[PDB]
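In the form deposited in one PDB entry, a lone chain appears below as structure tokens.
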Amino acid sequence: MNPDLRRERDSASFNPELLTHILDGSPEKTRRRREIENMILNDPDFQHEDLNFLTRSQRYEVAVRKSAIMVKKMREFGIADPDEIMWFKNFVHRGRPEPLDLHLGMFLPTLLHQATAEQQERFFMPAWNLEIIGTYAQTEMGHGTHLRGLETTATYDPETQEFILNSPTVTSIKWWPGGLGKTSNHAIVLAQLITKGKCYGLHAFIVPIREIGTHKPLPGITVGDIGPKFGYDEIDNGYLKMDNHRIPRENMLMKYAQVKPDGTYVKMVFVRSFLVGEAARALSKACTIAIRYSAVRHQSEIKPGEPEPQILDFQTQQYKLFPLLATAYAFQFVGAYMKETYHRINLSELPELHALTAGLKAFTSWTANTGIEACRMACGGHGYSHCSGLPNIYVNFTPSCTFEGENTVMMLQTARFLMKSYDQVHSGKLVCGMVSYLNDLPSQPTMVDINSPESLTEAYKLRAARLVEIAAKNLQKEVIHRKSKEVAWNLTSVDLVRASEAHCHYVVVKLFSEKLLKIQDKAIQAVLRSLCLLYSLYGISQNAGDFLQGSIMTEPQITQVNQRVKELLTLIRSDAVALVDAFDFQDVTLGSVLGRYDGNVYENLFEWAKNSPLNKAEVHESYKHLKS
């Protein structure tokens, strides 16, 4: 064990094992997760070359292989608890995305919930045995956010009892779905239903796209990979062109609407909830690497003539990393709250849940995205190498800001609810849940204590209240000038997103503050409080104008915030390594030479470089062409 890390770990103020409990939910959930991890770690079937040293085609092959095996083995070992399945899948895939995701997570569950009895007979068993591999193809080249615009048509032919699936334009081509390009032989296609001469809007169809057995594309089907991306090498994100491709009527999904033989027509909250946990996890892994590597790495001088200190001893380095560590803990507790909530709520709740999951999904993904690159830059030159693990964490996390609801569209869904809540309060109705603070708007003498999580929650609530009011009044002003709700909404969209942001920030502070009161271990409660206070005071320091305006705080109080943040850095220094240990990520999960639990970076890094692909021969073949 690196003696620096041994020292940091030995004089930690708490037991990180008990904090691990708190993150998993119980001492037994810790134990069971570790058991699932160790059964995978020791299974030769889940082993392969360092992914950094493979080409894209090889990464795709390794990932498919693992995903096939993972289904077999989970079934073999009777792993059925949804938490156990997540722990198993995460650990198998070393945090990479896994290419059977849409088959196990959409195609199968959609048949098991919506199949007719005949569909059930044709599909359940083959879909279960991966003889049929399916995805979900909705988005098109021309259409991602705005699904009403989709151009794919499913035209009923009553002469033959078949639906004609067509891609009439280049923009209509199905584009992005995982497993679509190479992995899947079936797709549920989303299409504009045309029956008689009438369009009935978007319906879902089971469309075989490849021959079972040979995997050769079916006649009228053009299918492939959309090309390489910033990350997701492991995922055959695909395109699907259909040239008037015929399916049986019996292939329409008819639980909710039906087409009779004569052509007579009869009439993402889970994923966004989960993504809040993923943001927590991705930022926690980044902070683990950067904080360990900053305790291993020595560089530069403070005191002249004294040894080069650990770069974690520089205040600029503590300021880069301890605010992010505090955020990561904040997002851990938010994640767990969203999961508990989503589980319970599963109807005066649907709208608050949709607004909350949308807003926190945007807020936590955008924050974690920025924090991962900050962690990488904090590692200096060796951060930029794949030896850090941070580039791969970043490129496989960052699409979360874009897919599963574009974050600006998500914030605007949160804003719709905040406006509707604001209007309900101004029309004499009571509002409940995370918007209850709107009931007490002065429109429908208070001093902040910067060592009290409750008083900081209050500050963040008033910042949100003020920005909600500013959005609502700017929206009203644009409606009376421009006499169009939609135009007014567009021209207030920046204020609306600011209000959602400040609202979500307040929710994160409030939830971290309330979690402090449930911590039984006193030493853990004290170090978590330091982090809660650092989170809260950092966000004030970073958004000082939002607290100075409406007299929520004074200039002298911002000076005291800044003074206290500096002191909290100095407090969190002795606990920083122990705090990232408590996440309990294994070396293989971090994929980091810099971040390794034992802190033996330098000897491992020289080996890693020597094993890397360009060192397979001493002389590259490009030498014997270079001039002489």
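In case it trips you up, residue 1 is the first one in the sequence shown, and so on. Basically, rigid core = biggest C-alpha set you can superpose within 1.5 Å across the two forms.
Another form exists, deposited in another entry; not displayed. Remarks below refer to it.
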Rigid-core fit between the shown form and the other one, the member of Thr116, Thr370, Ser493, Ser436 whose C-alpha shifts 2 angstroms or more: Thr116
With the core lined up, does the C-alpha of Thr316 move 2 Å or more between the shown form and the other one? no
Aligning on the rigid core, do we see the C-alpha of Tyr256 shift 2 angstroms or more between the shown form and the other one? yes
Is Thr160 among the residues whose Cα moves by 2 Å or more between the shown form and the other one after superposition of the rigid core? yes
